[PDB]
Number of protein chains: 2
Amino acid sequence: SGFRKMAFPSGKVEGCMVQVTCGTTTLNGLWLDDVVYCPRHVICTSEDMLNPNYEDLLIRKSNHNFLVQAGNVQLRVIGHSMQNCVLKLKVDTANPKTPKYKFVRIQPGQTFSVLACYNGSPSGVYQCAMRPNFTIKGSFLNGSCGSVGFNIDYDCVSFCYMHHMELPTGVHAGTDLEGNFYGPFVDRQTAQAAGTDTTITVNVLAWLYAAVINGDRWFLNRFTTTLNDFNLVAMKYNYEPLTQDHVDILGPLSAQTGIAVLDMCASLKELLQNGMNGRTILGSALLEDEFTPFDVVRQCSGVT
Amino acid sequence: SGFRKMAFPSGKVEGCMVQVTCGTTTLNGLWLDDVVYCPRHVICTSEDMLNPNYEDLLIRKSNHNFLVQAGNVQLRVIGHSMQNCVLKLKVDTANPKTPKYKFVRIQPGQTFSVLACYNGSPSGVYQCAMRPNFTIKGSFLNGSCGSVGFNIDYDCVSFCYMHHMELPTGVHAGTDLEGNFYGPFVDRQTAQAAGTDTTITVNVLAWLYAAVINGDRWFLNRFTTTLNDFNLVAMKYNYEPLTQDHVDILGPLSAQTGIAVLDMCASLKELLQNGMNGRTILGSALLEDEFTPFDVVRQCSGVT
Ligand SMILES: COc1ccccc1OCCNC(=O)c1cc(=O)[nH]c2cccc(F)c12
Ligand SMILES: COc1ccccc1OCCNC(=O)c1cc(=O)[nH]c2cccc(F)c12
């Protein structure tokens with residue numbers, strides 16, 4: 001028992017991290033097979049960041065200008081290309097530590113582990129969610145760019161995120177591994193609206209099921225609700241509307257606990273309307289939304 | 001910016017995990033050099049767990065009874081010994097993936113990362129604190145025994161914990177790598193008092209400094225206090241008494257923010273007496289105590 005914000009073991013990803021330097025800028029790169037992936041803003045200077053012309057900046061760069069170092073060994077760059085907001089540096093050596101991997105674009109509300117890196121070296125690993133508004137509330141300092149997000153299914157790493165920037169609001173924005181930003185964000189040092197964020201309702205419900213499985217049951221009540229009634233409450237409290245697809249995904253947790261999804265919705269409704277009254281759930285004094293139903297079952301069943 | 005419950009990158013530890021089977025019990029082992037470390041209760045059956053005579057049980061076991069498997073390769077056991085509550089299985093092959101390492105006994109209030117494992121395979125990594133009462137609030141299911149806790153200083157892994165059991169209260173107990181339990185716990189299936197837990201005051205203050213560094217400043221007030229006055233409040237709210245050693249460790253954070261430690265104590269005093277009033281700090285609605293001053297500086301400065 002117990003419930004933690006658990007990240008995937010980062011080993012397979014640590015072995016892929018490299019340092020990429022271009023001019024005076026150093027950031028992290030991802031070495032898979034004979035390609036190093038990194039944010040394209042590695043080619044910018046501070047004058048550029050305000051409105052960079054990436055095509056023009058990249059034209060002044062040659063393969064020898066991209067310094068790629070894996071630990072202490074230098075990689076030889078034999079090609080460079082820009083795909084959306086990422087640079088793909090073709091190197092002459094395939095990473096011997098390349099795990100089985102996929103590049104996937106996650107959906108808002110889904111979770112992933114982030115391996116924060118500086119100068120190509122891993123510093124820590126944490127679990128987070130892609131917010132409904134396509135930002136992540138990460139922990140990243142200067143030099144963290146190129147750190148990646150991923151999920152692991154047995155031996156396969158599915159990379160879903162590459163870190164590009166911190167917005168003026170202190171939240172984080174980045175791309176999938178094809179360099180497409182999640183959300184409306186551009187790789188430019190400008191004010192950028194993230195838009196209204198909402199709480200990931202299906203994840204709060206999955207977390208309430210985790211709480212029941214782990215013994216925290218105080219919030220269970222004698223009530224039920226309907227999807228329409230619950231969604232009226234969800235709207236008022238900036239929660240994502242619950243759909244039958246969300247109910248269906250919560251199926252296994254409803255079966256495990258014997259608590260019908262709409263009954264758990266009624267518990268959530270009462271918690272939204274009345275708060276926690278100074279009580280806690282799984283060590284938290286707020287409603288947690290960064291655990292998907294998949295995460296709850298995984299952590300509650302011990303998938304390795 | 002941003003502040004997360006960040007664990008150390010688990011790669012160096014993943015490469016040490018093995019599966020140990022004895023009779024019909026399977027748990028995790030730690031392979032460092034030519035030794036595999038695992039909880040000694042791997043030799044027990046369900047009748048035994050109520051009051052096991054470990055010396056007697058181990059005498060019926062031979063080297064060939066301990067099945068040690070690293071991934072899919074079998075390790076040859078050439079020696080076995082019990083040290084306190086751990087078994088040391090001497091194997092004929094040194095782990096090629098053994099990182100630089102130390103065995104350290106952590107102090108209550110200190111933090112560490114846990115690599116939860118099942119059948120010798122890593123499932124997740126999370127950060128936690130050794131509670132003042134020597135329990136850990138982990139996330140562990142059947143088969144997690146032998147999962148370890150550690151800290152990493154550049155290339156050296158300091159192992160501090162090995163998981164042995166879940167108490168009837170749902171909290172976790174285990175040993176240092178010499179097999180000495182943290183706390184009064186015994187490796188027996190009996191009711192065991194954990195004793196009064198308290199909040200780790202120096203960690204809450206370090207976390208309040210992290211909040212100031214990251215922009216969450218609403219809780220800063222016009223007041224100050226003394227160590228004696230603050231400790232009267234700490235006692236009432238089951239907080240550990242603050243000492244000058246704790247003030248000295250908070251020195252760097254006080255210097256970084258320009259907020260005197262006793263002034264931060266006064267903020268903490270007002271938060272203890274008045275609660276959060278429905279507000280949050282670093283995304284939390286309660287006072288967080290599982291970040292040490294060292295952790296806060298590390299995460300806020302990007303140590304790899
Ligand atoms: C506004 O900056 C950019 C805009 C567009 C594209 C790239 C931009 O940044 C490039 C470099 N950025 C970092 O290294 C960075 C990342 C981060 O998540 N947090 C930070 C906190 C403090 C200081 C920092 F430099 C960072
Ligand atoms: C009371 O059990 C013991 C007592 C003394 C010594 C060893 C004991 O357990 C041996 C096996 N234990 C586990 O595999 C275990 C560990 C854990 O942290 N959580 C669990 C949750 C559910 C079911 C479980 F078996 C566990």
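In each ligand, atom 1 is the first atom listed, and ligand 1 is the first ligand listed. We name chains A, B, ... by the order of the sequence lines, and we start the count at 1 in each one. These values consider heavy atoms only, across backbone and side chains, with no hydrogens, waters or symmetry-generated copies.
Contacts of A:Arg4 classified as side-chain hydrogen bond (donor to acceptor under 3.5 Å, both in side chains), with partners at least two apart in sequence or in another chain: B:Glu290.
Counting only N and O atoms by type, the side chains of A:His172 and A:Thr135 include no donor and acceptor under 3.5 Å apart. Of the N and O atoms on the side chains of B:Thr26 and B:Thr21, at least one donor lies less than 3.5 Å from an acceptor on the other residue.
The residues lining ligand 1, counting any heavy atom closer than 4.0 Å, are A:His41, A:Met49, A:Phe140, A:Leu141, A:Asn142, A:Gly143, A:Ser144, A:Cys145, A:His163, A:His164, A:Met165, A:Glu166, A:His172, A:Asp187, A:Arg188, A:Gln189, B:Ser1.
Listed by first and then second residue, the salt bridge (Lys or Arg N to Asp or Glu O under 4.0 Å) pairs that reach into residues 117-126 of chain B come to none, sequence neighbours excluded. Applying the salt bridge (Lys or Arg N to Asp or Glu O under 4.0 Å) test to residues at least two apart or on different chains, the pairs with a partner in residues 161-179 of chain A are A:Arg105-A:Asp176.
Interatomic distance, B:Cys145 SG to B:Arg40 CZ, rounded to the nearest 0.5 Å: 13.5 Å.
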